[PDB]
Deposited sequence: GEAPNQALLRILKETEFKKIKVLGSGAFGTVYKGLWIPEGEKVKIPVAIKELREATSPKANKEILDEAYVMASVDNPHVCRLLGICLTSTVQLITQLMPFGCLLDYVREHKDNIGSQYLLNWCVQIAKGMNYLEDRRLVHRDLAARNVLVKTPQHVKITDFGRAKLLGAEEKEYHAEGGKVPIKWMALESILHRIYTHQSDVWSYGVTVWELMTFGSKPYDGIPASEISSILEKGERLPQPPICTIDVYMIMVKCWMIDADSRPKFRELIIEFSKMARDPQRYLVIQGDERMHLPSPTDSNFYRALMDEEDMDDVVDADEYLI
């Protein structure tokens, strides 16, 4: 009882974009920075290209394609968009370029210059992005600060849909078997029974917010991952970050209740944080908050992917 996915998957030629730099590298493959020029259009689009390392199992190619499947069927201002894929002797994914990169990396290198207005704004945008995912009945299953990218300091997007699995019309929960998982971000439901729902994503939202509020601290640092299940069962949670009013921390704690029903909805999270974003100083106490402020390659035909539509 669900609607046809009429999303368009676009196939891009090798000649159609220019690799200009290297961002990150791995055995799986490396990430390039470059410009995407669909010629005949007279436009250059800054993209992040993830070029496969041709030393790959068939199984590896697939995992990316399913993420590519997921990314192509989403259209939200706060969800990272897929531009297309290139079937070279190695399948590479072309996505919009996020110059400031990881939000987790961003808060850590700018701890000195991040104000309450920004922190609260991000919370709203992520809740907005996650809510879209709920409307499209999808579960991210890996919501973390490391998986939120920064287009501009005022605009962040959700990414990393490798573990993002969708539910059909009559589903509420569904199980997985194994593989390496982010224990510290996961609800108790998921650790004990491998059960992932939208409310399990609400948990990871609270952890993600806690990451931002602590300016990139590690949840349950020092504590081995083995003890997490046991500790949460004892009723222990993450400590209240110093800059947080009780109002903000109250909301985080709500994301961490054993009863998933008791947890807030993303639509509810948008409302509360939006309330707080109107009066940022009342809800986050940061030193020098009053004076904080935050911020190339031929760039005349440059358009950003968001302004480029099909």
Compare what was deposited with what's modelled and send me the C-alpha-less stretches, numbered from 1. 296 to 307, 310
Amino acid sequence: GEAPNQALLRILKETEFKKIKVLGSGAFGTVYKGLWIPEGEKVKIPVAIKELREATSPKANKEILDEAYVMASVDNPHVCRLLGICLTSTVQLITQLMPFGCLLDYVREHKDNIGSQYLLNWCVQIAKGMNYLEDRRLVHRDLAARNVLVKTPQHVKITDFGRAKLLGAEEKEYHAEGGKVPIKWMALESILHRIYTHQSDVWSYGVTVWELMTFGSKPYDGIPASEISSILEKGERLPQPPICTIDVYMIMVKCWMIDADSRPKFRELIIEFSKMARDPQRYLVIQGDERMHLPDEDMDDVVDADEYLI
From here on, numbers count along this sequence of modelled residues.
Comparing 120 to 128 with 218 to 226, the higher average Cα temperature factor in the PDB entry belongs to 218 to 226
Between 175 to 183 and 93 to 101, the record assigns the higher mean Cα B factor to 175 to 183
Whose CA atom has the top B-factor in the entry, of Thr30, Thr245, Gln281, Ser274? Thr30
Out of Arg141, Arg194, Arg146, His155, which residue has the highest Cα temperature factor in the PDB record? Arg194
Within-chain third of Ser73 by Cα B-factor, per the entry: middle
Among all modelled residues of this chain, ranked by Cα B factor, put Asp135 in the bottom, middle or top third, i.e. lowest, middle or highest. middle
Where the record places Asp259 (Cα B-factor, split into thirds across the chain): middle
Select lowest, middle or highest to describe the third in which the CA B-factor of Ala48 falls within its chain in this entry. middle
Ranked by Cα temperature factor within the chain, is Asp112 in the lowest third, the middle third or the highest third? highest
